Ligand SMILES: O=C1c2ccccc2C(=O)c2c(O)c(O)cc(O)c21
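What follows is one chain in structure tokens, specifically the form deposited without this ligand.
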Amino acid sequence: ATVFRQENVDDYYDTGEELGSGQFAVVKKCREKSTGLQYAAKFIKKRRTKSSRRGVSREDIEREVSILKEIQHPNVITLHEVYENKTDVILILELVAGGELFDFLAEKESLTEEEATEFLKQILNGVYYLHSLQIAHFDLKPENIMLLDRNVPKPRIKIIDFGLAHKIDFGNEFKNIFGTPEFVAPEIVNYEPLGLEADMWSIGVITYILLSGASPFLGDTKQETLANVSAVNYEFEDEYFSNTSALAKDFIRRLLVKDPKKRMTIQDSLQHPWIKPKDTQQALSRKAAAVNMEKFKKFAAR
């Protein structure tokens, strides 16, 4: 294992209100005393004993930290420092204060597909960076797509929450069942080999929702959702996709593909004509098409 900083974090930071909390983690805003700069402190509860289920394993904490330490990119969250005490490992992280992307978009009166792709492209750039380092995020979904500051002319997207991320090992297949059913790829559902492709599936799902306000595979039970995912049971129902471009639907179709090897890669998604129009005709079609804002607002409010 790694020996993280052993000092009391309170000696170096002033901490305040909770910004969020998961099953084994609490996040608090904090201010570094030496610099006066604000960060987010994520307190992760250690398992401490192997037989206990009330915390995170050291293997899992070290994996997340090791991945965070490697990554430096404008569209992914930055790790500042790591502390630990008898009960917690404490990640001092870049503060992302602009809330979830979808909540910010939902406040708009309208959104063209052109404007939508400007935000989506930032997600793609962050994932392009990760995949270039052979890092799979494995938990891409709207609540992990944040804004650094929502009150600037061109808000910057930050991908957060690397708690499921893995460096892909060439010499050994990784198989695991994890994540949120609505957003995971068929190979996750079916305990099949996992790689960078699973993230691309998730991007397809995020894009589908962004444009329509509907979730492609969400069923009435967890089991039904997983069945929909495995069967790639989705539709572009006219109630939701009436003013969606052919290009946008093709983009999504090339991502929501059962066979990971046939799924569009991140490099190819960046060259797809919906993202990178090849002529004026394609450009105008994208600018003309619009997000179903009425339906989308209801999604963000769910």
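Position 1 is the first residue in the sequence shown; the rest follow in order.
As for the form deposited with this ligand bound, it is not shown, yet the points below apply to it.
Even though this ligand is not shown here, does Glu113 get within 4.5 Å of it in the deposited bound form, heavy atoms only? No, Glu113 is distant from the partner.
Do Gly22 and this ligand come within 4.5 Å of each other in the deposited bound form, heavy atoms counted? Result yes; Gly22 sits at the interface with this ligand in the deposited bound form.
Could you confirm whether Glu182 comes within 4.5 Å of this ligand in the deposited bound form, counting heavy atoms only? Answer no; every heavy atom of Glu182 is more than 4.5 Å from this ligand in the deposited bound form.
At 4.5 Å between heavy atoms, is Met146 in contact with this ligand in the deposited bound form? Judged by the heavy-atom cut-off of 4.5 Å, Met146 is in contact with this ligand in the deposited bound form.
So this ligand isn't shown here. In the deposited bound form, which residue out of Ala198, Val96, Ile206, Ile123 has a non-hydrogen atom within 4.5 Å of it? So the residue touching this ligand in the deposited bound form, by this definition, is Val96.
Sole residue of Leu226, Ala136, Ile77, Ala214 within 4.5 Å of this ligand in the deposited bound form, by heavy atom: Comparing distances to this ligand in the deposited bound form, the residue within 4.5 Å is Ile77.
Where, among 206-214, 128-136, 226-234, 159-167, do residues come within 4.5 Å of this ligand in the deposited bound form by heavy atom distance? The contacting stretch is 159-167.
What residues of 35-55, in sequence order, lie within 4.5 Å of this ligand in the deposited bound form by heavy atom? The one in contact is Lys42.
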